[PDB]
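S.K.: Handing you this structure, nothing more for now.
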Amino acid sequence: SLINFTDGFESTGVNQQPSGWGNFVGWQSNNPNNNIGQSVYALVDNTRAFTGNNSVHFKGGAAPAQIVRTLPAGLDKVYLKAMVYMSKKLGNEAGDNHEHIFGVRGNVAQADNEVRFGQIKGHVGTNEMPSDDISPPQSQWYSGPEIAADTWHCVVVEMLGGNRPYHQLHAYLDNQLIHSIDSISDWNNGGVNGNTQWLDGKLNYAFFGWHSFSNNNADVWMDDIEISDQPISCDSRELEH
Amino acid sequence: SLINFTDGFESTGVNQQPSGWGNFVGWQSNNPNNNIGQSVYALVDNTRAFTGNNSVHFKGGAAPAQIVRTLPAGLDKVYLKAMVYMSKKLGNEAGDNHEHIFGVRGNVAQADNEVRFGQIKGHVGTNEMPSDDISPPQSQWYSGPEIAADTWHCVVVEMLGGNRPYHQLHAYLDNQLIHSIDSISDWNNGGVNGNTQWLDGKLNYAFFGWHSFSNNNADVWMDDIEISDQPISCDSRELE
Ligand SMILES: [Ca+2]
Ligand SMILES: [Ca+2]
Ligand SMILES: [Mg+2]
Ligand SMILES: [Mg+2]
Ligand SMILES: [Mg+2]
Ligand SMILES: [Mg+2]
């Protein structure tokens, strides 16, 4: 196991970029103007949190607001996990293009080569660049499970790459499966241009934040972020029974 | 006096970025992957032109496709002019957010500090960043003169900065005035946060291409670009 990382943001000052992360803010990797005087930012906030005093607050829209972690070389799989609290919903949303909260990217400079989880065409799901292909197919658009605004959610994304006949992704909300990609028919536009191994070269950086391709501004808070190459799950506290 | 530049793209090979220019492609300055293999690019094209063999061809959308050039230190005003041919129109367009063809920017790496001329809220006009203000005001949105698709146009933008009480911008189509920013009431949202000197710091680079904030893909061709600190207008051949 090459990575087993957790961050509750408790050690960073309020209004500062999380210590130990990079950023991708307003389309620039490690934007030097990620601060409280800007309209788009990714900063520690002590006004909402799932555990302890602090979370990370993403304020963005069309312009992305993200924190970025470098992943170890040669991962075949990765698990991204966080407590997530959003100003708006994902899923079952008319007129959506696509929006995402979680992802991985191959090149730090670009949003050009990456896998993007949140919603596509108003269903919870995934956009890949550079194909710009989307999952699920048209059939399911503007429907399906909702990730509600204004409440804390335990979101896990499992990405299974490496030496397997078709690369997979499964997303879970409070430990319930909500979205899967496990064959080529799950994509709308012919399956990432025929490519069965569609996570190859994607697993270099992990990112978290807000990025709307539907022209929607949002405020998103996350806490207790985890990144691992072994499965991650949510505890009863996180499930909020 | 400080700049008098022209480019018809005739010396650059087809499918190559225009010689002597930088780029802003896919939100990256001097993107190394500005080439005919990509879905977003700014490349010389000999299949359409206004004069000679060649034009520059911008293919982009929400992801920008632009060529960029430095401007000399000290400019207090600039004129941007080009023959322009576009796959869609600007102006009189319901549902538009904003889209632009011409601009100037302060910092090469970002689209974060710049004046954007094309349409705002479906009326020919201007967006400034970082204020995100727009002109004209809301009374005129989704109306006004059209810059039509599928035909060659001569577009000129005058930007008047430096030591004057209020910075100004005037845009012209085939020598007819189509848009003006003369005073603070021309802005929708309070006038660039009350800054009268709103061109200051903006005249470091000129840029041209296609950049939509309305999620519209386009192809745009330009030729016979001029950039000067002295006025420019369209000649007899350009008016057609
Ligand atoms: Ca915390
Ligand atoms: Ca030419
Ligand atoms: Mg919950
Ligand atoms: Mg845990
Ligand atoms: Mg004409
Ligand atoms: Mg001339």
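Quick note on naming: the chains in the structure tokens go A, B, ... in the order shown, residues restart at 1 in each chain, and ligands are numbered from 1 in order of appearance.
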List all protein, DNA and RNA residues that have any atom at most 9 Å from ligand 2, counting only C-alpha atoms and all ligand atoms, and write the list as a VMD selection string.

M.R.: chain B and resid 7 to 10 46 48 to 56 222 to 224

S.K.: Now that the selection is made, can you save its residues with N, CA and C atoms as a JSON list (two decimals), in the first residue's frame?

M.R.:
```
[["chain", "number", "residue", "atom", "x", "y", "z"],
["B", 7, "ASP", "N", -0.44, 41.86, -39.42],
["B", 7, "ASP", "CA", -0.13, 40.48, -39.74],
["B", 7, "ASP", "C", -1.27, 39.88, -40.60],
["B", 8, "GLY", "N", -0.94, 39.35, -41.79],
["B", 8, "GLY", "CA", -1.82, 38.62, -42.68],
["B", 8, "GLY", "C", -1.54, 37.10, -42.67],
["B", 9, "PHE", "N", -0.63, 36.63, -41.80],
["B", 9, "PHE", "CA", -0.32, 35.21, -41.60],
["B", 9, "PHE", "C", 0.25, 34.53, -42.85],
["B", 10, "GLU", "N", 0.70, 35.29, -43.85],
["B", 10, "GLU", "CA", 1.11, 34.69, -45.12],
["B", 10, "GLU", "C", 2.42, 33.91, -45.02],
["B", 46, "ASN", "N", -5.08, 27.68, -44.76],
["B", 46, "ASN", "CA", -5.12, 28.21, -46.14],
["B", 46, "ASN", "C", -6.38, 27.86, -46.89],
["B", 48, "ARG", "N", -9.42, 29.33, -46.06],
["B", 48, "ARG", "CA", -10.25, 30.51, -45.97],
["B", 48, "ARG", "C", -9.31, 31.66, -45.69],
["B", 49, "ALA", "N", -9.51, 32.83, -46.32],
["B", 49, "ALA", "CA", -8.65, 33.99, -46.08],
["B", 49, "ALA", "C", -9.36, 35.22, -46.60],
["B", 50, "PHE", "N", -8.96, 36.38, -46.09],
["B", 50, "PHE", "CA", -9.47, 37.62, -46.64],
["B", 50, "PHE", "C", -8.49, 38.14, -47.69],
["B", 51, "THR", "N", -7.18, 38.15, -47.39],
["B", 51, "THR", "CA", -6.17, 38.59, -48.34],
["B", 51, "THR", "C", -5.13, 37.46, -48.40],
["B", 52, "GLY", "N", -4.52, 37.23, -49.56],
["B", 52, "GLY", "CA", -3.48, 36.23, -49.73],
["B", 52, "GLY", "C", -4.00, 34.79, -49.56],
["B", 53, "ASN", "N", -3.14, 33.89, -49.08],
["B", 53, "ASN", "CA", -3.43, 32.46, -48.97],
["B", 53, "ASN", "C", -4.08, 32.11, -47.63],
["B", 54, "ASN", "N", -3.74, 32.88, -46.58],
["B", 54, "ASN", "CA", -3.82, 32.31, -45.21],
["B", 54, "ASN", "C", -4.65, 33.20, -44.28],
["B", 55, "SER", "N", -5.33, 32.56, -43.35],
["B", 55, "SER", "CA", -5.91, 33.21, -42.19],
["B", 55, "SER", "C", -5.45, 32.47, -40.96],
["B", 56, "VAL", "N", -5.74, 33.05, -39.80],
["B", 56, "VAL", "CA", -5.63, 32.22, -38.58],
["B", 56, "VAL", "C", -7.01, 31.66, -38.23],
["B", 222, "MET", "N", -9.58, 34.81, -38.68],
["B", 222, "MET", "CA", -9.21, 36.21, -38.76],
["B", 222, "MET", "C", -8.03, 36.41, -39.72],
["B", 223, "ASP", "N", -8.00, 37.59, -40.36],
["B", 223, "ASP", "CA", -6.92, 38.00, -41.24],
["B", 223, "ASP", "C", -6.71, 39.50, -41.09],
["B", 224, "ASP", "N", -5.57, 39.94, -41.65],
["B", 224, "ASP", "CA", -5.21, 41.32, -41.73],
["B", 224, "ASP", "C", -5.45, 42.01, -40.39]]
```

S.K.: Show me a table, sorted first by chain and then by increasing residue number, of the residues of chain B having an atom at most 12 Å from ligand 6, each with its shortest atom pair and the distance in Å to one decimal, counting only C-alpha atoms and all ligand atoms and written as CSV.

M.R.:
```
residue,atom,partner,partner_atom_place_in_ligand_line,distance
B:4,CA,ligand 6,1 (Mg),10.9
B:5,CA,ligand 6,1 (Mg),10.4
B:6,CA,ligand 6,1 (Mg),8.4
B:7,CA,ligand 6,1 (Mg),10.4
B:8,CA,ligand 6,1 (Mg),10.8
B:51,CA,ligand 6,1 (Mg),11.4
B:79,CA,ligand 6,1 (Mg),11.7
B:80,CA,ligand 6,1 (Mg),11.1
B:81,CA,ligand 6,1 (Mg),8.3
B:82,CA,ligand 6,1 (Mg),8.9
B:83,CA,ligand 6,1 (Mg),9.7
B:154,CA,ligand 6,1 (Mg),9.6
B:155,CA,ligand 6,1 (Mg),11.1
B:156,CA,ligand 6,1 (Mg),10.4
B:174,CA,ligand 6,1 (Mg),11.8
B:175,CA,ligand 6,1 (Mg),11.9
B:223,CA,ligand 6,1 (Mg),10.9
B:224,CA,ligand 6,1 (Mg),7.5
B:225,CA,ligand 6,1 (Mg),8.3
B:226,CA,ligand 6,1 (Mg),7.0
B:227,CA,ligand 6,1 (Mg),10.0
B:228,CA,ligand 6,1 (Mg),10.7
B:230,CA,ligand 6,1 (Mg),11.9
B:231,CA,ligand 6,1 (Mg),10.3
B:232,CA,ligand 6,1 (Mg),6.8
B:233,CA,ligand 6,1 (Mg),6.5
B:234,CA,ligand 6,1 (Mg),6.0
B:235,CA,ligand 6,1 (Mg),6.1
B:236,CA,ligand 6,1 (Mg),9.5
B:237,CA,ligand 6,1 (Mg),9.4
B:238,CA,ligand 6,1 (Mg),8.2
B:239,CA,ligand 6,1 (Mg),11.1
```

S.K.: Could the residues of chain A within 9 Å of chain B, counting only C-alpha atoms, be given as a PyMOL selection string, please?

M.R.: chain A and resi 26-28+39+62+109-112+130+213-215

S.K.: What would the file look like if the residues just selected were written as a tab-separated table (two decimals), in the first residue's frame with N, CA and C atoms?

M.R.:
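Below is the file that was written, out-v7.tsv:
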```
chain	number	residue	atom	x	y	z
A	26	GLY	N	-9.16	28.85	-10.44
A	26	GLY	CA	-9.31	29.70	-11.62
A	26	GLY	C	-8.40	29.25	-12.75
A	27	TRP	N	-8.27	27.93	-12.94
A	27	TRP	CA	-7.73	27.27	-14.11
A	27	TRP	C	-6.21	27.28	-14.08
A	28	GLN	N	-5.67	27.67	-12.93
A	28	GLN	CA	-4.23	27.70	-12.76
A	28	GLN	C	-3.81	26.77	-11.63
A	39	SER	N	-12.73	36.12	-5.40
A	39	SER	CA	-14.05	35.55	-5.62
A	39	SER	C	-13.99	34.02	-5.75
A	62	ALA	N	-17.99	28.12	-12.67
A	62	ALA	CA	-17.32	27.92	-13.93
A	62	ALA	C	-15.84	27.87	-13.69
A	109	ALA	N	-1.04	20.85	-14.73
A	109	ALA	CA	-1.28	22.15	-15.36
A	109	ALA	C	-2.66	22.28	-15.97
A	110	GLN	N	-3.37	21.18	-16.19
A	110	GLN	CA	-4.49	21.14	-17.10
A	110	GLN	C	-5.71	20.43	-16.52
A	111	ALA	N	-6.91	20.87	-16.87
A	111	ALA	CA	-8.12	20.12	-16.54
A	111	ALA	C	-8.62	19.25	-17.69
A	112	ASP	N	-7.66	18.88	-18.50
A	112	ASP	CA	-7.77	18.49	-19.88
A	112	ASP	C	-7.76	16.98	-20.03
A	130	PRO	N	-9.68	13.56	-22.12
A	130	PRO	CA	-10.17	14.41	-23.22
A	130	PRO	C	-11.31	13.97	-24.14
A	213	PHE	N	-19.51	23.02	-15.03
A	213	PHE	CA	-19.56	23.26	-16.45
A	213	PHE	C	-20.97	23.66	-16.84
A	214	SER	N	-21.79	23.99	-15.84
A	214	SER	CA	-23.18	24.41	-16.00
A	214	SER	C	-23.33	25.87	-15.55
A	215	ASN	N	-22.22	26.62	-15.45
A	215	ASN	CA	-22.29	28.02	-15.04
A	215	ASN	C	-22.99	28.17	-13.66
```

S.K.: Which residues are close to residue B:137, i.e. within 7 Å by only C-alpha atoms, leaving aside same-chain residues fewer than 3 positions away? Reply as a list in words.

M.R.: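 Neighbouring residues, sequence-local ones excluded: residues 140, 186, 187 and 188 of chain B.
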
S.K.: Do you know which residues are at most 6 Å from stretch 155-162 of chain A counting only C-alpha atoms, after dropping those on the same chain fewer than 5 positions away, and could you put them as a ChimeraX atom specification?

M.R.: /A:76-82,167-173,199

S.K.: Which residues are near ligand 1 in this structure, taking near to mean any atom at most 10 Å from a ligand atom and counting only C-alpha atoms and all ligand atoms? Format them as JSON, numbers by chain.

M.R.: {"A": [7, 8, 9, 10, 11, 44, 45, 46, 48, 49, 50, 51, 52, 53, 54, 55, 56, 83, 222, 223, 224, 225]}

S.K.: With N, CA, C and O atoms retained, export the selected residues as a short mmCIF file (atom, residue, chain, number, x, y, z; two decimals), in the first residue's frame.

M.R.:
```cif
data_model
loop_
_atom_site.label_atom_id
_atom_site.label_comp_id
_atom_site.auth_asym_id
_atom_site.auth_seq_id
_atom_site.Cartn_x
_atom_site.Cartn_y
_atom_site.Cartn_z
N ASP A 7 -6.86 13.95 6.22
CA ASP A 7 -6.69 15.36 6.57
C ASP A 7 -8.01 15.93 7.09
O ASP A 7 -9.02 15.83 6.41
N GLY A 8 -8.02 16.45 8.32
CA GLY A 8 -9.15 17.09 8.98
C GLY A 8 -9.05 18.63 8.99
O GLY A 8 -9.91 19.33 9.53
N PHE A 9 -7.94 19.12 8.48
CA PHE A 9 -7.61 20.54 8.33
C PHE A 9 -7.44 21.28 9.66
O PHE A 9 -7.47 22.51 9.69
N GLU A 10 -7.24 20.55 10.76
CA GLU A 10 -7.28 21.18 12.07
C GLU A 10 -6.01 22.00 12.31
O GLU A 10 -6.07 22.95 13.06
N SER A 11 -4.90 21.67 11.66
CA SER A 11 -3.63 22.33 11.92
C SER A 11 -3.38 23.57 11.06
O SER A 11 -2.47 24.32 11.34
N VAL A 44 -9.14 27.07 4.33
CA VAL A 44 -9.60 26.57 5.62
C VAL A 44 -10.61 27.50 6.24
O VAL A 44 -10.47 28.72 6.25
N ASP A 45 -11.69 26.91 6.76
CA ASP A 45 -12.76 27.70 7.30
C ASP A 45 -13.15 27.07 8.64
O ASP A 45 -13.44 25.88 8.70
N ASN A 46 -13.28 27.90 9.67
CA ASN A 46 -13.65 27.40 11.00
C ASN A 46 -15.11 27.67 11.31
O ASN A 46 -15.43 27.55 12.49
N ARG A 48 -17.78 25.98 9.71
CA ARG A 48 -18.53 24.77 9.47
C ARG A 48 -17.49 23.64 9.44
O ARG A 48 -16.36 23.86 9.03
N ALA A 49 -17.82 22.48 10.01
CA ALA A 49 -16.86 21.37 10.09
C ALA A 49 -17.62 20.11 10.47
O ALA A 49 -18.74 20.21 11.00
N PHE A 50 -17.13 18.93 10.06
CA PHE A 50 -17.78 17.70 10.48
C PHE A 50 -17.14 17.20 11.76
O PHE A 50 -17.82 16.59 12.62
N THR A 51 -15.82 17.32 11.85
CA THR A 51 -15.10 16.98 13.05
C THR A 51 -14.16 18.11 13.40
O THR A 51 -13.46 18.65 12.52
N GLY A 52 -14.06 18.43 14.71
CA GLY A 52 -13.17 19.49 15.14
C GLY A 52 -13.72 20.85 14.70
O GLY A 52 -14.93 20.97 14.54
N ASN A 53 -12.83 21.84 14.55
CA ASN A 53 -13.26 23.21 14.25
C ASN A 53 -13.22 23.54 12.76
O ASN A 53 -13.94 24.45 12.32
N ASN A 54 -12.42 22.83 12.00
CA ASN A 54 -12.11 23.38 10.67
C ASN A 54 -12.58 22.46 9.54
O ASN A 54 -12.58 21.25 9.62
N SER A 55 -12.84 23.06 8.40
CA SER A 55 -13.01 22.32 7.17
C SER A 55 -12.22 23.08 6.11
O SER A 55 -11.74 24.16 6.38
N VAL A 56 -12.24 22.56 4.89
CA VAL A 56 -11.86 23.36 3.72
C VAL A 56 -13.13 23.85 3.00
O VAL A 56 -14.05 23.06 2.67
N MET A 83 -16.11 13.95 3.77
CA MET A 83 -17.36 14.53 4.24
C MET A 83 -17.59 15.80 3.43
O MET A 83 -16.61 16.52 3.20
N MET A 222 -15.56 20.59 2.79
CA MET A 222 -15.24 19.20 3.01
C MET A 222 -14.41 19.13 4.25
O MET A 222 -13.75 20.09 4.65
N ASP A 223 -14.41 17.92 4.84
CA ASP A 223 -13.68 17.59 6.03
C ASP A 223 -13.36 16.07 6.00
O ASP A 223 -13.94 15.27 5.25
N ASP A 224 -12.36 15.72 6.78
CA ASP A 224 -11.95 14.35 6.97
C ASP A 224 -11.73 13.68 5.63
O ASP A 224 -12.34 12.65 5.30
N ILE A 225 -10.93 14.33 4.80
CA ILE A 225 -10.63 13.78 3.49
C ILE A 225 -9.67 12.62 3.64
O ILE A 225 -8.72 12.72 4.43
#
```

S.K.: Can you pull out the residues contacting residue A:125? Cut-off 7 Å, using only C-alpha atoms, and skip same-chain residues under 4 positions away; I want them as a ChimeraX atom specification.

M.R.: /A:117-120,135-136,179

S.K.: Could you tell me how far atom CA of residue A:90 sits from atom CA of residue A:218, in Å to one decimal place?

M.R.: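 The value is 11.5 Å.
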
S.K.: Could I get the residue neighbourhood of ligand 3 at 8 Å, counting only C-alpha atoms and all ligand atoms, as an NGL selection string?

M.R.: :A and (151-154 or 174 or 238-240)

S.K.: As a ChimeraX atom specification, please: every residue in stretch 12-238 of chain A that DSSP puts in strand (DSSP E or B).

M.R.: /A:22-25,28-29,41-45,55-60,65-70,77-86,90,98-105,114-120,123-129,134-135,147,152-160,168-173,176-181,205-212,218-228

S.K.: Can you tell me which residues surround residue B:99 at a distance of at most 6 Å, considering only C-alpha atoms, apart from same-chain residues fewer than 4 positions away, and format the answer as a ChimeraX atom specification?

M.R.: /B:118-119,211-213

S.K.: Output C-alpha atoms for every residue in the selection just made, as a short mmCIF file (atom, residue, chain, number, x, y, z; two decimals), in the first residue's frame.

M.R.:
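Saved to result-v6.cif:
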```
data_model
loop_
_atom_site.label_atom_id
_atom_site.label_comp_id
_atom_site.auth_asym_id
_atom_site.auth_seq_id
_atom_site.Cartn_x
_atom_site.Cartn_y
_atom_site.Cartn_z
CA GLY B 118 -17.55 40.61 -28.21
CA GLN B 119 -21.03 40.24 -26.61
CA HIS B 211 -13.70 32.37 -25.86
CA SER B 212 -17.30 31.55 -24.87
CA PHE B 213 -18.78 31.80 -21.35
#
```

S.K.: Hey, which residues come within 7 Å of ligand 4 if we count only C-alpha atoms and all ligand atoms? Could you give them as an MDAnalysis selection string?

M.R.: chainID A and resid 226 233:235

S.K.: Run DSSP on the backbone and grab whatever in stretch 1-222 of chain A lands in helix (DSSP H, G or I); send it over as a PyMOL selection string.

M.R.: chain A and resi 138-140+184-186

S.K.: Which distance in Å separates atom CA of residue B:126 and atom CA of residue B:113, to one decimal?

M.R.: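 Interatomic distance, atom CA of residue B:126 to atom CA of residue B:113: 13.3 Å.
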
S.K.: Do you know which residues are at most 9 Å from residue B:169 counting only C-alpha atoms, after dropping those on the same chain fewer than 5 positions away, and could you put them as a ChimeraX atom specification?

M.R.: /B:126,157-161,179-182

S.K.: Considering only C-alpha atoms and all ligand atoms, state which residue in the set B:168, B:163, B:70, B:176 is at the smallest distance from ligand 5.

M.R.: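 Of B:168, B:163, B:70, B:176, the one nearest ligand 5 is B:176, counting only C-alpha atoms and all ligand atoms.
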
S.K.: Atom CA of residue B:85 and atom CA of residue B:151, how far apart in Å?

M.R.: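 One can read the atom CA of residue B:151 to atom CA of residue B:85 distance as 5.5 Å.
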